[PDB]
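Just so we're on the same page: letters track the sequence lines, and every chain starts at 1. Only heavy atoms go into these numbers, but all of them, side chains included; no hydrogens, no water, no symmetry mates.
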Amino acid sequence: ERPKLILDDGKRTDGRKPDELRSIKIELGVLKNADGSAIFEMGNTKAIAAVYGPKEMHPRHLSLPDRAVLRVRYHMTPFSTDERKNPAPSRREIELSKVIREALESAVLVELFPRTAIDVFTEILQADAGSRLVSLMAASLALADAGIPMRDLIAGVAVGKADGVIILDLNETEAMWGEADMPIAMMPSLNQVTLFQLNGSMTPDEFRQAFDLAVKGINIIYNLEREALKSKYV
Amino acid sequence: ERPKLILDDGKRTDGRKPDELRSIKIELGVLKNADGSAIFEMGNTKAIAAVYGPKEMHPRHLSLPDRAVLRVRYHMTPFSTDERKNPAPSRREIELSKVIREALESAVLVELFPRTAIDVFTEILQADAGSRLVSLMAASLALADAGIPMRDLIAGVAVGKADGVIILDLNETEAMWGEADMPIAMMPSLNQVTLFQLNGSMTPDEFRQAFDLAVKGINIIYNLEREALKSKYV
Amino acid sequence: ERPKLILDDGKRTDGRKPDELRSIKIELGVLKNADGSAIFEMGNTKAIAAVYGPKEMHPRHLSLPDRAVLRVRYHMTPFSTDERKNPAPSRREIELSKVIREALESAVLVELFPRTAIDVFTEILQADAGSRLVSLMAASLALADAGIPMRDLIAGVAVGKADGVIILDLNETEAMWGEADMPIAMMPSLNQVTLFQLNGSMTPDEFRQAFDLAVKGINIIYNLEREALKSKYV
Amino acid sequence: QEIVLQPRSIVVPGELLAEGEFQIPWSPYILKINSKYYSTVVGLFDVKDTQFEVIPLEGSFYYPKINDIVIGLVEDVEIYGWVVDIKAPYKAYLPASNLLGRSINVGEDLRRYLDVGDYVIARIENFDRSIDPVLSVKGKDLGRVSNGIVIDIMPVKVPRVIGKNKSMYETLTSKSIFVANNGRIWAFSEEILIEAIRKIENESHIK
Amino acid sequence: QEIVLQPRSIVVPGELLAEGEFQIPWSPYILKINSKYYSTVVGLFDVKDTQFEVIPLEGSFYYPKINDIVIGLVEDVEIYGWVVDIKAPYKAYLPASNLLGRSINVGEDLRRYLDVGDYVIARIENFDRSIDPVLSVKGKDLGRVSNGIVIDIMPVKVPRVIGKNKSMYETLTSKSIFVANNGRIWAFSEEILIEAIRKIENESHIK
Amino acid sequence: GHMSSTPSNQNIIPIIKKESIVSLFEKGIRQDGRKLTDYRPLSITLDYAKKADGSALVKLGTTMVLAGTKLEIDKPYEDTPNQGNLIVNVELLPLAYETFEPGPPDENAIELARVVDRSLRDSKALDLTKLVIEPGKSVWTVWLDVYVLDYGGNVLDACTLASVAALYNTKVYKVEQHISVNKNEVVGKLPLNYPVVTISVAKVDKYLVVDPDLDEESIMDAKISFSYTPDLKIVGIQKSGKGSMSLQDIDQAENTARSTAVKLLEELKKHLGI
Amino acid sequence: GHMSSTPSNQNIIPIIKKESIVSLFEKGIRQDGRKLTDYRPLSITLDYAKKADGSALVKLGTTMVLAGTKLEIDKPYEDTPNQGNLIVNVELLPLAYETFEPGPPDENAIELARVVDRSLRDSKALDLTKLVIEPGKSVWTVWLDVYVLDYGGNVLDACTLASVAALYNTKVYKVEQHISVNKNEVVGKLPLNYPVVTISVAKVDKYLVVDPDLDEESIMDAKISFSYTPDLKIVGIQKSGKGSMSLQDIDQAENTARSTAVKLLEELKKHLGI
Amino acid sequence: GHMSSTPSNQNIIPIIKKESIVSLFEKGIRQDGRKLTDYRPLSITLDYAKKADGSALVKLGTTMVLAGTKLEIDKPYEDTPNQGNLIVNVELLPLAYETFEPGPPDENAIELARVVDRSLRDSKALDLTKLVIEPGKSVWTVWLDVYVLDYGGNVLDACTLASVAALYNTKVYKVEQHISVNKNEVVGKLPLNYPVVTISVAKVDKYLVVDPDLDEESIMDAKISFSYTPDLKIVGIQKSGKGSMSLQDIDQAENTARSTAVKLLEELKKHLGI
RNA sequence: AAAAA
RNA sequence: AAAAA
RNA sequence: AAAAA
């Protein structure tokens with residue numbers, strides 16, 4: 001609406017091509033107490049994640065006899081947003097903690113550890129669009145940093161639509177002012193989707209163009225995750 | 001105060017005689033998951049009730065060694081009232097959940113089921129005066145629909161006073177603007193009162209006139225409860 | 001700031017010398033149900049304390065294998081303050097409940113009673129400065145009234161600074177308008193400090209003058225505690 | 001240098017009793033710090049030959065000891081025994097096999113032996129810092145209290161009620177009574193013994 | 001068609017290791033999906049005769065196995081035994097009757113055998129997916145650790161510290177040590193063995 | 001959400017003791033020698049809480065209740081612009097009883113608050129139209145906080161006496177304009193038309209007992225409270241407890257309650273100086 | 001604080017029963033004889049809740065959902081002064097299912113609320129700029145409360161139908177000035193551009209099933225919901241559940257969902273009278 | 001309601017390990033080779049949190065704390081119309097330590113917030129009268145949120161450094177009228193008179209140790225923190241922990257603390273560029 | 001394991 | 001043991 | 001089983 005999202009030169013507000021990702025930076029083992037940890041930055045969106053466990057889950061009737069229980073928290077610091085965010089969990093945070101947990105549930109080989117919990121705490125230090133996915137990937141990386149067995153790593157990206165153009169990896173302006181916003185996460189080697197949402201509106205053809213563009217970004221991100229994890233042994 | 005409650009013809013705002021009840025409609029087995037359920041309508045006041053149990057009460061130190069624990073919830077939907085009611089339980093709801101539970105405690109043969117809980121959830125779908133009693137009766141009917149053994153059914157009504165006249169089964173206007181409002185519930189075949197309250201003011205003679213009029217209404221209601229429960233086998 | 005705290009005659013707003021305490025009144029065994037209780041008044045600051053226990057602590061995983069758990073509550077009634085205090089616990093109350101508990105932890109011989117809790121409830125009936133200490137001393141006295149073994153009694157006082165003068169046992173005005181406020185509690189016979197705080201500002205020399213003056217007041221108070229406890233057997 | 005500072009004094013927490021290396025048995029009512037001894041309680045300083053002690057004047061709980069005869073209130077009837085209130089910081093338990101004299105049977109589940117609200121006279125068969133007190137009903141004049149009253153007092157006050165060489169006990173039972181270590185006593189036609197026994201609670205420090 | 005894609009490679013979750021129907025024992029570090037094998041962890045791909053495995057490089061927990069010698073930290077002293085921290089997702093328990101060699105007695109309750117903060121060297125007598133690991137102190141050089149230090153490392157790193165045919169073990173004990181399956185090691189005058197053994201944690205992937 | 005559960009309720013009074021409490025009910029008297037219609041000793045210390053605008057420490061046997069009031073100037077609720085406010089809060093403090101725990105008010109404490117609130121409200125004892133300062137714009141809010149310090153049985157009746165007492169005891173201060181409360185200047189007292197009392201009758205088998213103590217409350221089938229003003233209008237009724245009562249029990253309870261109200265009102269008036 | 005945990009989740013459906021539910025999936029049909037792409041019987045009773053401004057009791061098989069709306073006049077949010085408000089609340093009542101407990105909305109109920117809210121919002125079905133009364137100063141707030149009374153599976157789809165229905169059913173009243181709502185005078189209905197539907201597809205092994213029932217939801221790997229307007233723009237998507245789906249499963253699910261939307265929209269329109 | 005309980009507190013450090021930590025205390029040095037009066041390595045990364053108005057990531061050994069500020073324009077509190085606001089919040093994140101759980105701040109986190117708040121307030125480091133925009137009508141509220149990411153011991157001291165750092169780092173923006181914050185235009189920095197430091201001294205048997213690490217905090221009898229400004233006025237004191245200290249221990253602790261403050265202040269100033 | 005439906 | 005990062 | 005009493 002208010003701002004032009006696709007400029008006359010065909011480029012976006014931040015100068016990117018529609019199939020171009022924001023830059024990515026990843027740190028592992030950033031916390032001393034956590035069993036595993038990571039910081040993931042995608043553009044100016046930055047999360048930190050910490051994993052503890054597996055460890056026996058003390059309210060035992062909440063435990064699972066054949067499985068580890070994943071306990072996940074998506075939280076935004078009050079200074080992560082343009083206007084101060086109240087630290088009390090919001091409905092969004094509650095929904096996103098579930099969506100992220102369920103994404104992790106497909107990856108973590110929880111059946112190794114009957115009666116345990118694996119805690120995953122994620123805090124968003126800077127929110128500039130796509131924090132649920134940055135958060136989820138930080139989680140994947142921290143689980144791996146903790147040596148918790150997993151099917152695959154999780155890479156994800158929001159594709160969307162801006163001034164009628166399918167774009168890859170939205171920024172704030174595009175998130176606030178665009179026509180569509182579609183976070184997708186996968187286990188890329190297993191061709192399995194673990195998180196999938198859309199808000200806004202798209203024709204079915206557009207939805208499919210966008211999904212197709214997500215997979216390209218996701219695989220670029222996956223390769224950066226792999227190399228990030230390998231880095232300290234190289 | 002503002003409106004006339006007793007009109008020049010001796011009748012009430014809704015056209016009723018002072019010893020005349022609002023109309024009554026009852027449905028049983030309305031919910032598929034509940035062990036027993038009912039809808040009770042008295043005039044425009046409408047509650048739904050659902051019973052589950054008896055079933056072992058999982059926080060065992062809260063259980064009773066010789067008795068089932070009754071767990072009761074009186075709740076009002078936000079669209080049940082003229083002005084929207086906040087769904088957060090109010091002090092009234094808290095008091096009325098207790099008063100209703102204690103009324104049910106005299107009827108349910110809880111000593112059959114040591115260490116169990118019997119859950120009773122009541123929601124008010126429309127509140128037009130007397131919802132605590134409609135709620136309680138829906139509960140009685142749902143317990144019976146669940147085949148949970150009970151001493152007797154519970155029938156009740158609010159009697160009161162309006163422009164100096166003792167009246168049977170108050171409506172909203174009479175509840176808001178009258179001088180007295182006196183909900184009474186009983187096990188009518190056992191001549192036992194299970195809920196008894198008064199708000200407003202009455203002389204002792206008036207109190208006794210009103211109590212006497214309640215018992216007449218209660219017995220009319222009791223007969224409708226009995227026939228409602230018998231209906232699907234007739 | 002606004003009022004003069006030290007008047008031209010060298011005296012304080014309430015007529016006291018800087019090394020002069022407010023008056024003290026103590027009652028023991030004031031509550032019938034509590035295992036031990038006390039009321040402590042220091043000037044117009046008045047607390048009541050009640051002790052229950054030792055008794056097995058029902059959420060057992062919160063118990064200690066070698067020790068009693070002390071459970072302490074500092075609470076202010078809404079009518080204890082000049083302006084009505086909301087009864088919901090405030091952050092101050094939360095901090096002061098901890099500070100008071102930790103002061104009691106050094107005195108109570110908790111290792112007598114593995115797996116127990118000892119509850120200590122303190123309510124401030126009138127707050128005119130120094131309520132945390134009045135509260136703590138009421139607690140000491142109630143523990144003793146309950147015959148719960150303790151190293152020593154706890155006596156305490158706030159010293160401070162007002163218009164550049166080191167003063168003993170602050171009142172409201174001095175608390176609100178002074179330069180410093182320093183609550184100190186001890187086990188006076190063991191020369192051990194159990195609570196120690198300062199808000200405001202002091203040079204190190206002033207801090208030491210003030211600490212030195214606290215010990216004098218504390219010993220005066222200690223002797224009154226001792227005689228209060230002895231009184232009903234004398 | 002080894003002395004004592006008081007005669008038969010009313011005493012209070014933190015209060016100095018004695019200095020020197022005495023060879024005294026451990027007590028909850030006294031605290032030895034190096035060569036000084038202190039009272040932990042509101043109590044009565046008393047001396048015996050070359051030793052000494054604090055007699056607590058205050059306290060409503062009973063601290064269990066093995067072989068104490070104790071009268072309990074049944075609180076819960078569990079599947080294989082009964083949880084008992086003996087007015088201690090710890091609940092006591094009486095196992096069914098004890099009161100019966102054999103293991104539980106399939107066709108059991110009666111409370112006709114003991115229910116909630118029943119008193120039991122019992123002995124503590126097992127107790128220490130690690131475990132809750134275990135009860136036995138074996139001895140003579142133990143088990144369910146059918147008849148009588150039960151008067152409740154501070155356990156701290158029990159030695160006064162017995163009285164040196166059961167002498168207070170005598171001056172009670174001559175006018176009107178079993179005294180348990182528990183601050184409870186079991187007991188003609190509505191003679192108010194209790195009006196007296198409460199007066200001894202609230203005057204123990206005299207005569 | 002049956003091959004392997006890597007030599008001695010650093011490996012990562014989801015990473016393809018091999019294709020074909022191999023006859024490999026189950027491991028937590030590998031995932032077989034039909035005719036493909038994947039790494040579940042950050043680790044090291046290694047091959048042995050005709051089989052292969054992932055050596056995890058990451059992980060701070062120990063997964064119990066029966067007959068592992070393990071050094072535990074006592075956490076709780078329960079009524080009939082002790083709850084032990086063996087750095088696993090499950091707490092371990094040592095029953096008193098084991099460490100004693102007979103059933104508990106009425107007059108017991110000492111922690112003079114083992115208290116909180118004590119280390120124990122012990123063997124896992126029982127463990128599986130359904131139950132928490134049970135310990136036995138029977139074997140020689142087991143039980144309470146009186147003397148020594150205890151250095152903590154990743155259990156994942158234990159095979160490196162031992163070294164193929166106890167050879168790293170040798171080059172440690174020649175300069176300075178018991179290595180438990182637990183990522184804990186028991187141990188002259190303040191010689192800093194640990195500064196070394198930490199360097200092997202943080203360089204295991206080399207030479 | 002939230003829900004009302006049957007209490008798992010500690011006070012396991014001995015079988016033996018039940019027999020004893022009612023033994024002398026035949027002679028019309030109780031465990032403490034008192035008549036079945038008598039209240040326990042009552043004391044009322046006014047101005048107990050000195051920073052309260054009005055206060056009353058009530059002792060009814062071993063039950064002890066401190067009510068205190070604070071007055072604030074407030075916006076009238078827009079639907080009642082010609083009235084001031086009364087807000088009643090009851091706390092069953094964990095000081096009161098071993099099995100009370102600290103938390104926001106539970107169902108018993110909320111019910112207490114509300115029964116007292118109705119009684120004060122429906123009695124017309126406190127005329128809230130008297131609490132207006134500038135109509136439409138500003139009024140007094142009377143915050144009535146009632147703290148149960150010792151649970152010795154029949155807390156509702158003692159909450160009701162402490163409340164009335166504290167309200168009668170409530171100082172009112174000058175209001176200066178420019179609006180501000182000058183607390184150096186007490187201009188009046190809270191205007192009440194009369195006192196109110198709540199009278200609680202417990203059913204114990206064949207017997208109705210006024211002002212039940214802790215043991216009596218432990219054995220009662222149920223209780224029913226009746227509130228009265230000095231003209232003996234009934235001004236509130238609440239049956240509580242898990243047991244039922246017959247119509248005749250309720251009839252008899254009111255007759256008994258009302259006869260007791262007369263005496264109790266006269267005694268409250270004595271304590272109030274009216 | 002708070003955190004999302006794997007449910008310790010009761011519904012332990014028998015091994016035996018799993019085999020049976022999918023047995024007839026080969027023939028394109030289910031346990032209840034229905035086609036893999038069919039919805040359960042749908043009924044919609046409008047104006048069910050009579051003190052609601054608009055209401056709709058939806059029955060979809062054994063799932064039962066009551067949505068109702070209340071309208072209030074409000075300050076527009078200062079960042080959107082030329083719009084009215086829509087507030088969506090979903091409650092999974094403990095009436096609905098044995099293992100639902102009473103409390104504030106849990107994560108499932110909040111997610112329900114939010115998916116429905118997005119669908120209504122992103123569809124442009126309800127144009128909030130139509131809800132302005134005086135721009136800048138005053139607007140309508142539509143409180144949409146959705147109460148799940150019976151959990152029979154696929155509650156989201158039924159919440160979405162109940163919501164639209166209730167919104168279409170929403171009476172609007174005259175606004176008098178001096179601003180006040182006169183509720184004796186209904187001046188209009190809530191202005192919607194069109195209906196919206198949410199279509200939930202469950203993955204069950206090799207199969208995609210539309211509108212899963214309770215048993216089907218117990219065995220599903222995951223579900224994915226697609227929302228459509230009558231022009232078959234996708235207007236919301238949410239995959240939920242602990243399992244993954246392939247890209248092809250998602251592709252196929254949408255194709256199936258959208259084909260079902262066409263029929264479902266026509267049926268909703270019938271119930272609405274549009 | 002709520003109440004403070006003795007922690008049932010996990011960190012069961014081995015007997016063996018206690019002996020070792022203090023072994024070299026005789027030589028004036030610790031487990032990590034450091035002097036009993038030395039702080040751990042300190043780093044301070046400013047502007048770490050880019051959407052914060054000012055921020056500071058503090059690393060003190062393995063303790064890691066991120067403070068960030070957000071400024072809002074606000075009504076002054078009517079009792080202080082000529083001042084702006086400072087609101088300090090500390091969170092002990094469940095990321096920090098295995099036994100921290102997510103929830104609203106616990107007693108330790110609240111105490112942290114309050115000790116830091118007093119220190120900043122009583123130091124007069126931040127003059128809130130400098131934060132006024134239009135007196136009476138509008139002022140700045142400085143929201144200071146302090147997030148403990150890694151619990152490596154002595155979190156209070158690191159919270160205090162992160163706070164000061166973040167406050168020094170706080171950008172202030174132009175205020176446009178018509179009042180609005182233009183965030184494209186930074187007009188100033190937050191005006192502080194000087195830095196403040198909190199210095200925590202732990203009692204370990206006969207020894208006083210500055211800046212205790214995790215193991216040292218596990219064995220300490222108690223800790224006492226002293227806050228200083230550059231003129232070495234004491235500006236806050238809090239003893240915490242379950243153990244007592246003698247008067248001499250406190251006397252000695254302050255002397256030691258203050259000697260350390262001098263060095264710590266100079267180092268903080270270096271990091272701040274003042 | 002606040003107040004009146 | 002409300003809504004859009 | 002926010003800030004000062």
Side-chain angles (χ1 to χ4, degrees), chain A residues 44-45 56-57 59 61-62 76 80-82 85 91-92 124 126-132 170-172 175-177 181 199, chain B residues 44-45 56-57 59 61-62 76 80-82 85 91-92 124 126-132 170-172 175-177 181 199, chain C residues 44-45 56-57 59 61-62 76 80-82 85 91-92 124 126-132 170-172 175-177 181 199, chain F residues 51 77 80 85-89 114 117-118 121 141 143, chain G residues 51 77 80 85-89 113-114 117-118 121 141 143, chain H residues 51 77 80 85-89 113-114 117-118 121 141 143:
Chain A
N44 290 321
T45 297
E56 273 186 300
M57 202 192 329
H61 79 266
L62 289 175
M76 293 212 299
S80 66
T81 50
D82 311 320
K85 147 81 179 29
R91 290 175 127 220
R92 172 173 143 118
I124 303 297
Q126 296 165 190
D128 204 59
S131 67
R132 76 194 63 193
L170 308 229
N171 62 29
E172 269 265 78
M176 168 178 323
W177 293 104
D181 188 346
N199 67 76
Chain B
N44 290 321
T45 297
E56 273 186 300
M57 202 192 329
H61 79 266
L62 289 175
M76 293 212 299
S80 66
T81 50
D82 311 320
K85 147 81 179 29
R91 290 175 127 220
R92 172 173 143 118
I124 303 297
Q126 296 165 190
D128 204 59
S131 67
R132 76 194 63 193
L170 308 229
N171 62 29
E172 269 265 78
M176 168 178 323
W177 293 104
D181 188 346
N199 67 76
Chain C
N44 290 321
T45 297
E56 273 186 300
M57 202 192 329
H61 79 266
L62 289 175
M76 293 212 299
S80 66
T81 50
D82 311 320
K85 147 81 179 29
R91 290 175 127 220
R92 172 173 143 118
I124 303 297
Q126 296 165 190
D128 204 59
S131 67
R132 76 194 63 193
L170 308 229
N171 62 29
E172 269 265 78
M176 168 178 323
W177 293 104
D181 188 346
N199 67 76
Chain F
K51 293 197 158 184
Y77 298 127
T80 56
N85 309 314
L86 166 77
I87 311 187
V88 184
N89 166 55
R114 281 181 51 88
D117 177 281
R118 270 174 231 138
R121 196 177 296 281
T141 291
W143 296 91
Chain G
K51 293 197 158 184
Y77 298 127
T80 56
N85 309 314
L86 166 77
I87 311 187
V88 184
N89 166 55
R114 281 181 51 88
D117 177 281
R118 270 174 231 138
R121 196 177 296 281
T141 291
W143 296 91
Chain H
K51 293 197 158 184
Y77 298 127
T80 56
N85 309 314
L86 166 77
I87 311 187
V88 184
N89 166 55
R114 281 181 51 88
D117 177 281
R118 270 174 231 138
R121 196 177 296 281
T141 291
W143 296 91

Undergrad: What is the distance, rounded to the nearest whole Å, between atom CZ of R92(B) and atom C1' of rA4(I)?
TA: 8 Å
Undergrad: According to a strict under-4.0 Å criterion, is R114(F) in side-chain N/O contact with OP1 or OP2 of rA4(I)?
TA: yes
Undergrad: In terms of side-chain heavy atoms of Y77(F), which of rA2(I), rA2(K), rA2(J) is nearest?
TA: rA2(I)
Undergrad: Using whole Å, what does the distance between atom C1' of nucleotide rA2(I) and atom CZ of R118(F) come to?
TA: 13 Å
Undergrad: State, to 0.1 Å, how close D82(A) and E172(A) come at their nearest heavy-atom pair, and which atoms those are.
TA: OD2-OE2, 2.9 Å
Undergrad: What is the separation between atom CG on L170(A) and atom P on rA4(J), rounded to the nearest whole Å?
TA: 14 Å
Undergrad: Measure the distance from CG on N85(H) to P on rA2(K) and round it to the nearest whole Å.
TA: 12 Å
Undergrad: Give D82(A) one of three labels, base, sugar-phosphate or nothing, depending on what nucleic acid heavy atoms sit under 4.0 Å from its own.
TA: base
Undergrad: With heavy atoms under 4.0 Å as the rule, sort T81(C) into base, sugar-phosphate or nothing.
TA: base
Undergrad: Can you give the dot-bracket line for RNA chain K, using ( ) for pairs inside the strand, [ ] for pairs that cross earlier ones, | for pairs with another strand and . for unpaired bases, where Watson-Crick and G-U count if both distances are under 3.5 Å?
TA: .....
Undergrad: Look up atom NZ in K51(G) and atom OG1 in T81(B), then write down how far apart they are to the nearest 0.5 Å.
TA: 7.5 Å
Undergrad: Taking CG from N199(C) and P from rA5(K), how many angstroms apart are they, rounded to a whole number?
TA: 6 Å
Undergrad: I want to verify a distance call: between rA3(J), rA2(K), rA4(K), whose nearest atom is closest to the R91(A) side chain?
TA: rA3(J)
Undergrad: Which one, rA2(K), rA5(J), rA4(K), comes nearest to the side chain of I87(H)?
TA: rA2(K)
Undergrad: Go through the steps to decide whether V88(H) and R121(H) satisfy the test side-chain contact (heavy atoms from CB on, under 4.5 Å), and finish with yes or no.
TA: CA-CA 11 Å; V88(H) 184; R121(H) 196 177 296 281; 5.9 Å; no
Undergrad: Base, sugar-phosphate alone, or nothing: which one does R132(A) contact when heavy atoms must sit under 4.0 Å apart?
TA: nothing
Undergrad: Can you tell me how far the CG atom of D117(H) sits from the CG atom of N89(H), to the nearest 0.5 Å?
TA: 11.0 Å
Undergrad: Would you indicate which nucleotide in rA5(J), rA4(K), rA3(K) comes nearest to any side-chain atom of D117(H)?
TA: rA3(K)
Undergrad: Within the structure shown, what part of the strands sits under 4.0 Å from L86(G) by heavy-atom distance: base, sugar-phosphate, or nothing?
TA: sugar-phosphate
Undergrad: In terms of side-chain heavy atoms of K51(H), which of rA5(J), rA3(I), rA4(J) is nearest?
TA: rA5(J)
Undergrad: Where is the tightest heavy-atom contact between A113(H) and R91(C), given as atom of each residue plus distance?
TA: CB-NH2, 3.2 Å
Undergrad: Which atoms form the tightest heavy-atom contact between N199(B) and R118(F), and what is the distance?
TA: CB-CD, 3.9 Å
Undergrad: What is the distance, rounded to the nearest whole Å, between atom CE of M76(C) and atom P of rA5(K)?
TA: 9 Å
Undergrad: Taking CD from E172(A) and P from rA3(J), how many angstroms apart are they, rounded to a whole number?
TA: 17 Å
Undergrad: Indicate the atoms forming the closest heavy-atom contact of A127(B) with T45(B), along with that distance.
TA: C-OG1, 4.0 Å
Undergrad: Can you tell me which nucleotide in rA5(I), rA2(J), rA2(K) comes closest to the side chain of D181(B)?
TA: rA5(I)
Undergrad: Does a side-chain N or O of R121(F) approach OP1 or OP2 of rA4(I) to a distance below 4.0 Å, or not?
TA: no
Undergrad: Let me confirm one number: the CZ-CD1 distance from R132(C) to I124(C), rounded to the nearest 0.5 Å.
TA: 10.0 Å
Undergrad: Atom NZ of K85(C) and atom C1' of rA3(K): how far apart are they, to the nearest Å?
TA: 15 Å
